[PDB]
Each structure stands twice: as structure tokens, then as C-alpha cells.
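Only one structure is covered here, and it is reproduced in the block below.
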Amino acid sequence: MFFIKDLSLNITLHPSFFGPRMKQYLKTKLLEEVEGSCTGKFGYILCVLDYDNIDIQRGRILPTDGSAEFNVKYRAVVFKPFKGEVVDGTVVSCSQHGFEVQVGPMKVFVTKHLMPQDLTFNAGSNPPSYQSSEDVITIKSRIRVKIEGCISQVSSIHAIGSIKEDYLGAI
Amino acid sequence: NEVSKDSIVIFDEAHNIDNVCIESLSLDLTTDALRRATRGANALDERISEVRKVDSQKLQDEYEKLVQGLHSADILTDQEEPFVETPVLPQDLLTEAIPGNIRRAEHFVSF
Amino acid sequence: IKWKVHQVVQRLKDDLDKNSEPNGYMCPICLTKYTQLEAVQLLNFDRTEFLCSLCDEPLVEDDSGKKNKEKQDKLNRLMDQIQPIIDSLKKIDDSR
Amino acid sequence: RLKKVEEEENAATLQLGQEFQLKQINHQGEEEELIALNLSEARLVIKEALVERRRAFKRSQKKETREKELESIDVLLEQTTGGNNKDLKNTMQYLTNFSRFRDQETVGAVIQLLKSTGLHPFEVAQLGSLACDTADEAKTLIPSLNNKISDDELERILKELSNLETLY
């Protein structure tokens, strides 16, 4: 789930951008290298908070290059993909051995073993629908999936899930 | 249960009966007993898992009987005896329903 | 004896637990196994199959799902065979 | 340093992770409690940040209706930022799809209630991000909540939250 915290960043600036008006220039750079980004420690980084009164105020020239290093402190919103509780995600694409649920930003997959064996899956569906009563995979496809575990790696986020529980898959 | 209230009661040579009174409500805990409790709880848990796998009807029947809040005298007959005998005096017993937090068999095992 | 039987029991129990998991994949060109998650990160753009990183080979699924019940039965019958040892161990623990 | 394994699951029996725990310290030295958020609260504050930064850029070159709002903040986003935020489009679609209150005032009243209750922050944020009106069914959904809260108190809060929030 989404989180708010003060966070620090680490940014180089090329010496060509040493013009008289660089503070808002750095603010712009902070925008398109914070918004729309993913990591492992903080997950998907959504958007920034506290646009005014931001904390840069000082920078060091790197020794071997005219790049100037800056340290940026900022409030923001990220996403923290947890494990072990229910989300009602949506499914866009599917595979032969399970559907791939897109609960917001990431794409969580459920293996054909992680679906319950008494789920009456029919392979002759477009997309292959693992439905028993109501959880037919559609364009909407609100499926209550529980994240198994969102396995953290280098900055490309992946998760696993299952529906082997009452009202899991069922809304 | 089967004694007349207005009988005649006599006691003889119970001048050290306070010790019996003390041990009536005193208890000790040892490490090996804790180990046996862990092993028994694991055995009961795996038995409950097996029973839930093969026939959950008896477990669901027990669970709904606890939802109605029946007790040992309510369910058990005379020819069957309670396993855990009533440790406390009957004047101080609880007679209301089992909470839902321990009502399920798995809930009570985890408890 | 107790340590060896405990190790055997834990080994085979974790074998059954691991064999209850999805089998995984491998690339037979490099003869290297691949997990289900490693298949997930190695998919094609078609979101259908999985291609190897080095050999660029379509991932073929591991064969252990039928082996799950076989390892379960081997565990069961091995416990049945080892059961007199378990009973003697119980009587030994009764003794000093 | 000792390679410091520290295996930990995230749940609602105060089973919280280290990396985002409760008591931090902010950079000026003041104590930084954890900020967990509701889905409708996030739905409000993304709009608040968007209108704030949009008016900030209005000063820069000078010197709740969801169907309009998602596409409007989208075109505001590709006014300056890039179009790569398809997942961020998915996120505010998720927010407007399942956030328990469309309007700001119900969320504000709920938070005004919770600032007096003093409940557990991540617990009540998970409850607020969830969109349900059935306490016992929620306890069956999450056995962590089933173990933590009494169903009577859960429903006595859930109904006085449920009458306020916009039902779906």
C-alpha cells in the first residue's frame, strides 16, 4: 500500500547547466526522476509532496569532472507492495497456467497450482477464465487476490499471489 | 452431586488438612512438561488438519455447537468422562459461551 | 541415530513440501533449471511463453507434479518401515 | 554486520516491517511517526498536490467528478511530465475505482473521528483503504483483524463510518 515519508536523493548536474536560473531547473529534474519510477527499497515511486521550500541549498563540485553533486530531501508518495493480505485487482493479460493480475502498477501472477484445484478452470476461454461462480476474467475482472509475496529484486518489481481462500477471488 | 444437603458430616484427625487444602489449588511447571505440551499440541494440530481434510462435518458440528455455547455437561453424557477435569470449584465456573477467537479448532490450537 | 532419523524426517518432509510447490522450468541447452519466478521474469513480449537469457530457448516446464504423490507415498511407507525404530525410541525415552 | 537476517511478515497484529516502522526521526531532529494512508485520503491528496503544483506553475509563468478529473489530471501530467506513467494512470483508476468515499467531507469527518479515537494507524488505514460494511465478514477475510479487534467494536465503528461514506 501507498506510503508517505521524507526521502533523500543524490543528483548530478552537468556543468553546462550552470546558468543563472538553476533552482527550478533542479526542481524539474527532481520531477521527471522521481515521478514514475520503481525501486526495491521503496517500490513504485508515485509522486512528490511539498513542492515549495525544498531542501537542496548547497552542492559540491566533483573533483575529476565539472559535474556538481546535490543532495535533495523531499516528501513523496510511493507504493509498498506487501504480502499476505487481500487486494481486489484487475486482470489485463492471461497465460495458459494462470492469469496475470494488474493490481494498479505491478503485474501479479497466480500460478495454475496457486489457483484452487476445485475452481473449474476452462482452458477454452478468451482470456483463459479460471472461474467457478463469478470471478470470470474480463477487462474489469475485479479479483480478490492475496499477495503471496512481492519478491524484491533490482528495480523491476514482481509479485506472486493466490486465491485459495474463501472470498479470495470472490469479492 | 449425589449427596444429601442436610446429612451429618464428621471429620477425624484432619489437624493437618491445611496442607491438603494448599495442594488442592497449587501447581508446578517443568521443562519436560512444556516439551510434552508442545508435542501434544503439534499432534492435535496435525490430527485436526487431517480431520479437516477427510471430514470437516464433525468439526463444523462442534463449531456450531460452540456458537450456541453448549458446555461439557450439555454435550457429554455420564458414560463419557471429561478429559480435562474441572480444576476450579463449581461456585466460580464460567457458564457463558466460548469466544469466537478460540471457537474454531484451529483458533483454539493457535491459542 | 536420533540425529540421523531427525535429519531424514526433516529432509523428506521438506522434500514433500518443495514438491508440493510448482515444479519450475529449465533450459535444456545449458542444462540449467529455472524457477517459476525466473520464468516470470524471462517471459516474451507476447506474455505467453518464457525465453532463456543466454541460450534464448523457450522455457520447458519441470516434471515434478506427478512426483509429489510419489514422494508422499515414499515418505509414508518409509515411516511405516521406520516405525518400530520410532517405538523403540519412545520406549528408550521412557527408560533412562 | 552479522548479515542481520530479520525475517518479518507484514500484518495487522502490530506485525510491522522495520524499513517502514512507526517511530522515525525527521531531518530537523523531530520524531517522525509512520504515515499510513487511506484509499479515499490518497484520492484526495493526489488532487490537492496536483492543484497546488498547477497553481505553482501558474505563478511560475506569471513571474469528485472523477470522469472529468482523471483525464484532466492526465492532460495536466503530460503538460509537463512524460506519458510513461501508464501504471500511475492505473493507480488513480484504482483509487477512483475502490476508494470508499468520493467526497472530501466524509473522509474529513472520519479522520476527525479517528483523531479522537486514537486507533492503531496502519490498522485503521488498512480498514479505510478497504471498502466493506460487514465487520464479521471482514474478520473472516483477515484473521489478523479477527484476532485483533472485537467484532462488536468493529461493527460499532463500521456502521458509523458506513452511514457516512458513499456506498457503491
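In the C-alpha cells, chains take the letters A, B, ... in the order shown, each chain's residues start at 1, and ligands count up from 1 in the order shown.
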
Worksheet item: If we count only C-alpha atoms, which residues of chain A reach to within 7 Å of chain D? Please list them as a ChimeraX atom specification.
Response: /A:2-5,32,36,46,49,51,82-83,104-105,167

What's around segment 48-58 of chain C at 10 Å? Count only C-alpha atoms, leave out sequence neighbours fewer than 2 positions away in its own chain, and write the answer as an mmCIF file with C-alpha atoms, in the first residue's frame.
```
data_model
loop_
_atom_site.group_PDB
_atom_site.id
_atom_site.type_symbol
_atom_site.label_atom_id
_atom_site.label_comp_id
_atom_site.auth_asym_id
_atom_site.auth_seq_id
_atom_site.Cartn_x
_atom_site.Cartn_y
_atom_site.Cartn_z
ATOM 1 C CA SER A 93 -3.421 -10.395 -19.686
ATOM 2 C CA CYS A 94 -3.513 -14.130 -19.016
ATOM 3 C CA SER A 95 -1.367 -17.207 -19.548
ATOM 4 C CA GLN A 96 -2.167 -20.879 -20.000
ATOM 5 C CA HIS A 97 -1.097 -21.731 -16.426
ATOM 6 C CA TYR C 25 11.362 -24.759 -15.694
ATOM 7 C CA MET C 26 14.708 -25.392 -17.338
ATOM 8 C CA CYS C 27 16.661 -24.519 -20.448
ATOM 9 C CA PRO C 28 17.988 -27.874 -21.736
ATOM 10 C CA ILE C 29 20.578 -26.218 -23.992
ATOM 11 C CA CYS C 30 22.573 -25.049 -20.961
ATOM 12 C CA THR C 32 20.147 -25.217 -16.103
ATOM 13 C CA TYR C 34 14.644 -22.313 -13.782
ATOM 14 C CA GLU C 38 12.693 -16.976 -13.020
ATOM 15 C CA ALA C 39 10.225 -17.962 -15.727
ATOM 16 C CA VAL C 40 8.098 -14.924 -14.784
ATOM 17 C CA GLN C 41 10.979 -12.515 -15.265
ATOM 18 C CA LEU C 42 12.088 -14.252 -18.503
ATOM 19 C CA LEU C 43 8.817 -14.107 -20.447
ATOM 20 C CA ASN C 44 8.364 -12.982 -24.026
ATOM 21 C CA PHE C 45 6.724 -9.745 -25.134
ATOM 22 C CA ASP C 46 3.666 -11.965 -26.105
ATOM 23 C CA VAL C 60 10.161 -26.022 -20.800
ATOM 24 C CA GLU C 61 8.397 -26.908 -17.568
#
```

Item to complete: Within 10 Å of chain C, which residues of chain A are there when counting only C-alpha atoms? Please give them as an MDAnalysis selection string.
Response: chainID A and resid 93:97 100 108:109 111:114 151 156:160

Restricted to C-alpha atoms, what would the selected residues look like written as a JSON list (two decimals), in the first residue's frame?
```json
[["chain", "number", "residue", "atom", "x", "y", "z"],
["A", 93, "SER", "CA", -3.42, -10.40, -19.69],
["A", 94, "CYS", "CA", -3.51, -14.13, -19.02],
["A", 95, "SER", "CA", -1.37, -17.21, -19.55],
["A", 96, "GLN", "CA", -2.17, -20.88, -20.00],
["A", 97, "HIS", "CA", -1.10, -21.73, -16.43],
["A", 100, "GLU", "CA", -1.69, -12.07, -14.61],
["A", 108, "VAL", "CA", 1.00, -10.03, -10.09],
["A", 109, "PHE", "CA", 0.69, -13.56, -11.46],
["A", 111, "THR", "CA", 0.28, -19.99, -10.93],
["A", 112, "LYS", "CA", -2.01, -22.83, -12.04],
["A", 113, "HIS", "CA", -1.02, -24.55, -8.80],
["A", 114, "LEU", "CA", -1.80, -21.41, -6.76],
["A", 151, "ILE", "CA", 9.63, -10.61, -4.34],
["A", 156, "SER", "CA", 11.87, -4.14, -11.61],
["A", 157, "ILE", "CA", 9.12, -5.15, -9.23],
["A", 158, "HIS", "CA", 7.47, -8.58, -9.29],
["A", 159, "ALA", "CA", 4.90, -10.32, -7.11],
["A", 160, "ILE", "CA", 3.14, -13.66, -6.68]]
```

Discussion item. I need the contact residues of chain B against chain D, so if you could list those with any atom within 12 Å, counting only C-alpha atoms, and return them as number ranges by chain, that would help.
Written reply: B: 99-104, 106-108, 110-111

Worksheet item: Hey, can you check how far atom CA of residue 36 of chain B sits from atom CA of residue 21 of chain B?
Response: 27.9 Å

Discussion item. Using only C-alpha atoms, which protein or nucleic acid residues come within 10 Å of residue 58 of chain A? Drop anything in the same chain fewer than 6 positions from it, and give the result as a PyMOL selection string.
Written reply: chain A and resi 68-72

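Of the listed residues (B:24, B:5, B:67, B:51), B:24 comes nearest to residue 89 of chain B; the distances count only C-alpha atoms.
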
Worksheet entry | Atom-to-atom span, atom CA of residue 34 of chain B and atom CA of residue 46 of chain B, Å |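 Between atom CA of residue 34 of chain B and atom CA of residue 46 of chain B the gap works out to 18.4 Å.
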
Item to complete: Based on DSSP run over this structure's backbone, return all residues of chain D in alpha helix (DSSP H), as an NGL selection string.
Response: :D and (39-62 or 66-80 or 86-98 or 104-117 or 121-129 or 135-141 or 143-148 or 151-162)

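When only C-alpha atoms are used to measure the gap to residue 11 of chain C, the shortest distance among C:68, C:62, C:75, C:33 belongs to C:75.
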
Worksheet item: Between atom CA of residue 9 of chain C and atom CA of residue 76 of chain C, what is the distance, to one decimal in Å?
Response: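 Rounded to one decimal, the two atoms are 10.8 Å apart.
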
Please report, as a tab-separated table (two decimals) with C-alpha atoms, in the first residue's frame, each residue of segment 13-44 of chain A to which DSSP assigns strand (DSSP E) when run on this structure's backbone.
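Saved as part35.tsv:
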```tsv
chain	number	residue	atom	x	y	z
A	13	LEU	CA	24.25	18.19	-12.62
A	37	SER	CA	9.83	5.32	-11.05
A	38	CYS	CA	10.40	2.00	-9.30
A	44	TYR	CA	6.99	2.21	-7.21
```

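Neighbouring residues of residue 109 of chain D at 12 Å or closer, counting only C-alpha atoms and skipping chain neighbours under 5 positions away, are residues 41, 101, 103, 104, 114, 115, 116, 160, 161, 163, 164 and 165 of chain D.
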
How about saving the chosen residues, N, CA and C atoms kept, as a CSV table (one decimal), in the first residue's frame?
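Final output, selection.csv:
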```csv
chain,number,residue,atom,x,y,z
D,41,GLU,N,-8.4,8.9,1.3
D,41,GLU,CA,-7.5,10.0,1.7
D,41,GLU,C,-6.4,10.3,0.6
D,101,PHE,N,-14.8,6.7,-0.3
D,101,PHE,CA,-15.6,7.9,-0.3
D,101,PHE,C,-15.2,8.7,-1.5
D,103,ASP,N,-16.3,11.9,-1.9
D,103,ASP,CA,-16.3,13.3,-1.5
D,103,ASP,C,-15.3,13.4,-0.4
D,104,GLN,N,-14.8,14.7,-0.2
D,104,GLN,CA,-13.8,15.0,0.8
D,104,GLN,C,-14.3,15.1,2.2
D,114,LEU,N,-11.3,9.7,14.0
D,114,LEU,CA,-10.2,8.8,14.3
D,114,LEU,C,-9.1,9.6,15.1
D,115,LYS,N,-9.0,10.9,15.0
D,115,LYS,CA,-8.1,11.7,15.8
D,115,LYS,C,-8.5,11.7,17.2
D,116,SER,N,-9.8,11.4,17.5
D,116,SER,CA,-10.3,11.3,18.9
D,116,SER,C,-10.2,9.9,19.4
D,160,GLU,N,-21.1,3.5,11.9
D,160,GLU,CA,-21.0,4.9,12.0
D,160,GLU,C,-19.9,5.5,11.0
D,161,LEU,N,-19.1,4.6,10.4
D,161,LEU,CA,-18.4,5.0,9.2
D,161,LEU,C,-19.1,4.7,7.9
D,163,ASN,N,-22.5,4.7,7.3
D,163,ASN,CA,-23.6,5.6,7.0
D,163,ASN,C,-23.1,6.9,6.4
D,164,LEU,N,-21.8,7.3,6.7
D,164,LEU,CA,-21.2,8.5,6.2
D,164,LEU,C,-20.7,8.3,4.7
D,165,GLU,N,-20.0,7.2,4.5
D,165,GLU,CA,-19.3,7.0,3.2
D,165,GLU,C,-20.3,6.7,2.1
```

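Compared by their closest atoms to residue 129 of chain A, and using only C-alpha atoms, the residues A:92, A:61, A:47, A:147 rank with A:92 nearest.
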
Worksheet item: From the set A:89, A:66, A:81, A:20, which residue has the shortest atom-to-atom contact distance to residue 152 of chain A, counting only C-alpha atoms?
Response: A:81
